[PDB]
file entry-v9.pdb (PDB, C-alpha atoms (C1' of nucleotides))
ATOM      1  CA  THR N  10    -133.211 141.196  63.179
ATOM      2  CA  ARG N  11    -134.194 137.617  63.988
ATOM      3  CA  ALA N  12    -131.863 134.847  62.849
ATOM      4  CA  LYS N  13    -132.792 131.863  60.689
ATOM      5  CA  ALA N  14    -134.887 129.599  62.904
ATOM      6  CA  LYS N  15    -133.885 125.937  63.028
ATOM      7  CA  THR N  16    -135.584 123.146  64.939
ATOM      8  CA  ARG N  17    -134.205 121.686  68.148
ATOM      9  CA  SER N  18    -134.361 118.215  66.576
ATOM     10  CA  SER N  19    -131.924 119.347  63.882
ATOM     11  CA  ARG N  20    -129.740 120.874  66.601
ATOM     12  CA  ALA N  21    -129.748 117.532  68.432
ATOM     13  CA  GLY N  22    -129.484 115.521  65.205
ATOM     14  CA  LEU N  23    -132.781 113.715  65.801
ATOM     15  CA  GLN N  24    -135.902 112.897  63.815
ATOM     16  CA  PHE N  25    -138.373 112.911  66.707
ATOM     17  CA  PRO N  26    -139.775 116.370  67.577
ATOM     18  CA  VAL N  27    -138.000 117.949  70.538
ATOM     19  CA  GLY N  28    -140.487 120.828  70.724
ATOM     20  CA  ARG N  29    -143.535 118.554  70.794
ATOM     21  CA  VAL N  30    -141.948 116.399  73.513
ATOM     22  CA  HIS N  31    -141.146 119.557  75.508
ATOM     23  CA  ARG N  32    -144.732 120.794  75.137
ATOM     24  CA  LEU N  33    -146.117 117.417  76.219
ATOM     25  CA  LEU N  34    -143.771 117.422  79.216
ATOM     26  CA  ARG N  35    -144.772 120.959  80.212
ATOM     27  CA  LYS N  36    -148.515 120.321  79.860
ATOM     28  CA  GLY N  37    -148.421 116.747  81.166
ATOM     29  CA  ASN N  38    -148.413 117.741  84.878
ATOM     30  CA  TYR N  39    -145.108 116.013  85.624
ATOM     31  CA  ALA N  40    -143.184 118.796  87.366
ATOM     32  CA  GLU N  41    -143.302 122.534  87.937
ATOM     33  CA  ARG N  42    -140.283 123.035  85.659
ATOM     34  CA  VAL N  43    -138.827 121.143  82.695
ATOM     35  CA  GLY N  44    -135.125 121.309  81.895
ATOM     36  CA  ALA N  45    -133.726 122.100  78.474
ATOM     37  CA  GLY N  46    -131.984 118.785  77.807
ATOM     38  CA  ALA N  47    -134.812 116.580  79.088
ATOM     39  CA  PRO N  48    -136.968 116.703  75.890
ATOM     40  CA  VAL N  49    -133.808 116.175  73.808
ATOM     41  CA  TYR N  50    -132.883 113.099  75.859
ATOM     42  CA  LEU N  51    -136.424 111.705  75.868
ATOM     43  CA  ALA N  52    -136.857 112.253  72.116
ATOM     44  CA  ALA N  53    -133.533 110.478  71.532
ATOM     45  CA  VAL N  54    -134.602 107.512  73.685
ATOM     46  CA  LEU N  55    -137.997 107.287  71.943
ATOM     47  CA  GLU N  56    -136.330 107.495  68.520
ATOM     48  CA  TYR N  57    -133.872 104.730  69.460
ATOM     49  CA  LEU N  58    -136.641 102.404  70.681
ATOM     50  CA  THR N  59    -138.672 103.100  67.535
ATOM     51  CA  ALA N  60    -135.561 102.350  65.452
ATOM     52  CA  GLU N  61    -134.983  99.006  67.200
ATOM     53  CA  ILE N  62    -138.565  97.777  66.815
ATOM     54  CA  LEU N  63    -138.865  99.076  63.241
ATOM     55  CA  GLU N  64    -135.621  97.364  62.204
TER      56      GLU N  64
ATOM     57  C1'  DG H   1    -147.309  77.110 173.989
ATOM     58  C1'  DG H   2    -145.009  78.124 168.906
ATOM     59  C1'  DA H   3    -145.482  79.136 163.963
ATOM     60  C1'  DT H   4    -148.408  79.376 159.711
ATOM     61  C1'  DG H   5    -152.425  81.379 156.408
ATOM     62  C1'  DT H   6    -154.846  85.524 155.465
ATOM     63  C1'  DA H   7    -156.863  90.344 155.740
ATOM     64  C1'  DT H   8    -156.101  95.568 155.733
ATOM     65  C1'  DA H   9    -153.053  99.415 155.375
ATOM     66  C1'  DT H  10    -148.970 102.264 153.219
ATOM     67  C1'  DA H  11    -145.187 103.334 150.095
ATOM     68  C1'  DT H  12    -143.695 103.140 145.280
ATOM     69  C1'  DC H  13    -144.066 102.457 140.070
ATOM     70  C1'  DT H  14    -146.311 103.777 135.789
ATOM     71  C1'  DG H  15    -149.589 105.292 132.063
ATOM     72  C1'  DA H  16    -152.415 109.144 131.298
ATOM     73  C1'  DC H  17    -154.350 114.096 131.732
ATOM     74  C1'  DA H  18    -153.577 118.926 131.517
ATOM     75  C1'  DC H  19    -150.576 122.967 131.372
ATOM     76  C1'  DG H  20    -147.104 125.725 128.713
ATOM     77  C1'  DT H  21    -144.781 127.338 124.385
ATOM     78  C1'  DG H  22    -143.340 127.905 119.669
ATOM     79  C1'  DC H  23    -144.336 128.167 114.896
ATOM     80  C1'  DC H  24    -145.926 127.506 110.976
ATOM     81  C1'  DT H  25    -149.458 126.192 108.362
ATOM     82  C1'  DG H  26    -154.234 126.540 107.547
ATOM     83  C1'  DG H  27    -158.126 129.795 107.540
ATOM     84  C1'  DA H  28    -160.475 134.516 106.656
ATOM     85  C1'  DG H  29    -161.088 138.331 103.519
ATOM     86  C1'  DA H  30    -160.528 140.596  98.957
ATOM     87  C1'  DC H  31    -159.577 140.638  93.791
ATOM     88  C1'  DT H  32    -159.221 138.839  89.372
ATOM     89  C1'  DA H  33    -159.062 135.963  85.173
ATOM     90  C1'  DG H  34    -160.134 132.057  82.769
ATOM     91  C1'  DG H  35    -162.200 127.179  82.869
ATOM     92  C1'  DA H  36    -166.069 125.371  82.107
ATOM     93  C1'  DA H  37    -171.157 125.493  81.504
ATOM     94  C1'  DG H  38    -174.470 126.634  78.152
ATOM     95  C1'  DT H  39    -176.158 127.531  73.046
ATOM     96  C1'  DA H  40    -176.579 126.890  68.042
ATOM     97  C1'  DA H  41    -175.180 124.535  63.638
ATOM     98  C1'  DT H  42    -173.428 120.593  60.799
ATOM     99  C1'  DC H  43    -172.424 115.976  59.885
ATOM    100  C1'  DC H  44    -171.562 111.196  60.671
ATOM    101  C1'  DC H  45    -172.157 106.963  63.541
ATOM    102  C1'  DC H  46    -175.259 103.970  66.258
ATOM    103  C1'  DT H  47    -180.143 101.827  67.402
ATOM    104  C1'  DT H  48    -184.234  98.709  66.428
ATOM    105  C1'  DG H  49    -186.877  96.112  63.709
ATOM    106  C1'  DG H  50    -187.200  93.991  59.560
ATOM    107  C1'  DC H  51    -185.893  91.268  54.380
ATOM    108  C1'  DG H  52    -182.909  88.387  50.975
ATOM    109  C1'  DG H  53    -179.297  85.183  49.588
ATOM    110  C1'  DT H  54    -174.539  82.455  50.290
ATOM    111  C1'  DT H  55    -172.260  79.544  52.487
ATOM    112  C1'  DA H  56    -169.256  77.958  55.728
ATOM    113  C1'  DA H  57    -169.530  77.048  60.437
ATOM    114  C1'  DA H  58    -172.122  74.673  64.056
ATOM    115  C1'  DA H  59    -174.619  70.761  65.629
ATOM    116  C1'  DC H  60    -175.663  65.777  65.928
ATOM    117  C1'  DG H  61    -174.700  60.954  65.732
ATOM    118  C1'  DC H  62    -171.576  57.011  65.814
ATOM    119  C1'  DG H  63    -167.503  54.063  65.991
ATOM    120  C1'  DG H  64    -163.151  53.287  68.095
ATOM    121  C1'  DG H  65    -158.970  53.699  70.257
ATOM    122  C1'  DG H  66    -155.929  56.642  73.005
ATOM    123  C1'  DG H  67    -155.458  58.356  77.323
ATOM    124  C1'  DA H  68    -156.883  59.116  82.280
ATOM    125  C1'  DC H  69    -157.092  56.753  86.387
ATOM    126  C1'  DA H  70    -156.695  53.043  89.731
ATOM    127  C1'  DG H  71    -153.940  49.474  91.776
ATOM    128  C1'  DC H  72    -149.544  47.299  93.065
ATOM    129  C1'  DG H  73    -144.637  46.726  93.826
ATOM    130  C1'  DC H  74    -140.193  48.616  95.009
ATOM    131  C1'  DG H  75    -136.406  51.086  96.236
ATOM    132  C1'  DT H  76    -134.655  55.286  97.376
ATOM    133  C1'  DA H  77    -134.552  59.516  99.322
ATOM    134  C1'  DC H  78    -136.257  62.308 102.784
ATOM    135  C1'  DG H  79    -137.865  62.692 107.684
ATOM    136  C1'  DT H  80    -136.500  62.084 112.489
ATOM    137  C1'  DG H  81    -133.594  61.967 116.336
ATOM    138  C1'  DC H  82    -129.194  62.578 118.670
ATOM    139  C1'  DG H  83    -124.366  64.309 119.499
ATOM    140  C1'  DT H  84    -121.078  67.668 118.117
ATOM    141  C1'  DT H  85    -119.534  71.979 116.169
ATOM    142  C1'  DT H  86    -119.990  76.573 114.953
ATOM    143  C1'  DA H  87    -121.357  80.802 114.207
ATOM    144  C1'  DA H  88    -125.136  84.085 115.236
ATOM    145  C1'  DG H  89    -126.398  87.322 118.712
ATOM    146  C1'  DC H  90    -125.060  90.664 122.157
ATOM    147  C1'  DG H  91    -122.008  93.938 124.160
ATOM    148  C1'  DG H  92    -117.730  96.704 123.171
ATOM    149  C1'  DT H  93    -113.432  99.608 121.094
ATOM    150  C1'  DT H  94    -111.821 103.509 117.978
ATOM    151  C1'  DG H  95    -111.377 106.532 114.940
ATOM    152  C1'  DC H  96    -113.147 108.783 110.435
ATOM    153  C1'  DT H  97    -116.590 109.832 107.123
ATOM    154  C1'  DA H  98    -121.347 110.140 105.053
ATOM    155  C1'  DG H  99    -125.508 112.317 105.582
ATOM    156  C1'  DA H 100    -129.601 114.861 107.609
ATOM    157  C1'  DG H 101    -130.678 119.362 109.229
ATOM    158  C1'  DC H 102    -130.049 124.374 109.281
ATOM    159  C1'  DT H 103    -128.396 128.920 107.543
ATOM    160  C1'  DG H 104    -126.613 131.901 104.003
ATOM    161  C1'  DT H 105    -125.349 133.787  99.213
ATOM    162  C1'  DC H 106    -125.638 133.970  94.507
ATOM    163  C1'  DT H 107    -126.070 132.843  89.761
ATOM    164  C1'  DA H 108    -127.498 130.492  85.785
ATOM    165  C1'  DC H 109    -131.600 128.510  84.080
ATOM    166  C1'  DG H 110    -136.291 128.179  83.098
ATOM    167  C1'  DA H 111    -140.998 130.553  83.072
ATOM    168  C1'  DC H 112    -143.327 134.148  80.465
ATOM    169  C1'  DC H 113    -144.612 137.234  76.663
ATOM    170  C1'  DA H 114    -144.556 139.244  71.907
ATOM    171  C1'  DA H 115    -143.380 138.714  66.867
ATOM    172  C1'  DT H 116    -142.241 135.576  63.323
ATOM    173  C1'  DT H 117    -142.034 131.994  60.360
ATOM    174  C1'  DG H 118    -141.462 127.344  58.849
ATOM    175  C1'  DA H 119    -142.801 122.590  59.648
ATOM    176  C1'  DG H 120    -147.172 119.830  59.515
ATOM    177  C1'  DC H 121    -151.789 118.681  57.159
ATOM    178  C1'  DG H 122    -154.624 118.591  53.070
ATOM    179  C1'  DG H 123    -155.426 118.666  47.888
ATOM    180  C1'  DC H 124    -153.591 118.975  42.856
ATOM    181  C1'  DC H 125    -150.493 117.579  39.044
ATOM    182  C1'  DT H 126    -147.271 114.527  37.349
ATOM    183  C1'  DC H 127    -144.438 109.970  36.715
ATOM    184  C1'  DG H 128    -143.563 104.520  37.239
ATOM    185  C1'  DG H 129    -145.594 100.831  36.348
ATOM    186  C1'  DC H 130    -149.493  97.886  34.924
ATOM    187  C1'  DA H 131    -152.829  97.110  31.598
ATOM    188  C1'  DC H 132    -155.973  97.579  26.998
ATOM    189  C1'  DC H 133    -155.953  97.776  21.856
ATOM    190  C1'  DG H 134    -153.949  97.641  16.960
ATOM    191  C1'  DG H 135    -150.475  95.727  13.664
ATOM    192  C1'  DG H 136    -146.640  92.421  11.889
ATOM    193  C1'  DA H 137    -144.335  87.620  11.914
ATOM    194  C1'  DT H 138    -144.789  82.364  12.362
ATOM    195  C1'  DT H 139    -147.077  77.680  12.164
ATOM    196  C1'  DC H 140    -151.218  74.320  11.581
ATOM    197  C1'  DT H 141    -155.337  72.150   9.063
ATOM    198  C1'  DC H 142    -157.401  71.332   4.699
ATOM    199  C1'  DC H 143    -159.316  70.697  -0.583
ATOM    200  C1'  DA H 144    -158.146  69.276  -4.948
ATOM    201  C1'  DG H 145    -155.359  66.819  -8.958
ATOM    202  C1'  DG H 146    -152.710  62.716 -10.580
ATOM    203  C1'  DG H 147    -152.132  57.779 -10.831
ATOM    204  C1'  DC H 148    -153.759  52.875 -10.159
ATOM    205  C1'  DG H 149    -157.282  49.049  -9.853
ATOM    206  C1'  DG H 150    -161.863  46.581 -11.052
ATOM    207  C1'  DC H 151    -166.016  45.043 -14.214
TER     208       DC H 151
END
call {"tool": "encode", "arguments": {"input": "entry-v9.pdb", "output": "structure tokens"}}
result
Amino acid sequence: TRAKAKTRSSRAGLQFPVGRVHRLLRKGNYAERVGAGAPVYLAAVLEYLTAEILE
DNA sequence: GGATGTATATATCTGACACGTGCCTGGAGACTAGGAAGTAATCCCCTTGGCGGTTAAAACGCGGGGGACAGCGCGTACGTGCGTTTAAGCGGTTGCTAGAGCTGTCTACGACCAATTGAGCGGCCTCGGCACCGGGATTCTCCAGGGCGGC
């Protein structure tokens, strides 16, 4: 009985994809392990910088 | 006749070679899975050598004046030197704490795998808005009749 799946971006209240950023961090040869909050934080920072330049 | 310059020998200092030891990290051997090489098909972009026509950019010439450069004067601000001060540099005290290193335990967090499903990509239908065509309302130019003048 799986629950209703929701995205990690909606959990973090973001528009940038947390899962895509996590996959690019895991396959980008940056470290052996990637923490859970690191793609959330990096997606938030990227979304903020995009918001500043777009405004 | 006395003391000085110089040569050879002996003890000591110092960098380098080899011996010893730990240990831990690289190498040898075996197994396995998947990354990448190779193959075939399809489709679109790039190459080389041409042609035609438009047209705006490039090239050329010439006059002239603005700006780069040289020279000169001048005055000020920086170099130079000396005497004095001062603070850097070294050595030293005295405790406490931060941090590297090592060892040990444990637990939460992230890798991994299977099933699922819902967000991303493409096309299709519809609406908002812009545009094409038909019909009604308003204003401008014109042709003809009436009256007056001349022989």
call {"tool": "closest_residue", "arguments": {"input": "entry-v9.pdb", "among": "H:115, H:44, H:96, H:13", "to": "chain N", "atoms": "all atoms listed in the file"}}
result
H:115
call {"tool": "resolve_selection", "arguments": {"input": "entry-v9.pdb", "expression": "the PyMOL selection byres ((chain N) within 10 of (chain H))", "output": "count of residues only"}}
result
10
call {"tool": "residues_around", "arguments": {"input": "entry-v9.pdb", "residues": "range 24-29 of chain N", "least_positions_apart": "2", "cutoff": "7 Å", "atoms": "all atoms listed in the file", "output": "MDAnalysis selection string"}}
result
chainID N and resid 17:18 31:33 48:49 52 56
call {"tool": "atom_distance", "arguments": {"input": "entry-v9.pdb", "atom1": "CA of residue 37 in chain N", "atom2": "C1' of residue 35 in chain H"}}
result
17.4 Å
call {"tool": "atom_distance", "arguments": {"input": "entry-v9.pdb", "atom1": "CA of residue 21 in chain N", "atom2": "CA of residue 60 in chain N"}}
result
16.5 Å
call {"tool": "atom_distance", "arguments": {"input": "entry-v9.pdb", "atom1": "CA of residue 59 in chain N", "atom2": "CA of residue 38 in chain N"}}
result
24.7 Å
call {"tool": "axis_aligned_box", "arguments": {"input": "entry-v9.pdb", "around": "range 27-35 of chain N", "padding_each_side": "3 Å", "output": "lines of an AutoDock Vina configuration file"}}
result
center_x = -142.1
center_y = 118.7
center_z = 75.4
size_x = 14.1
size_y = 10.6
size_z = 15.7
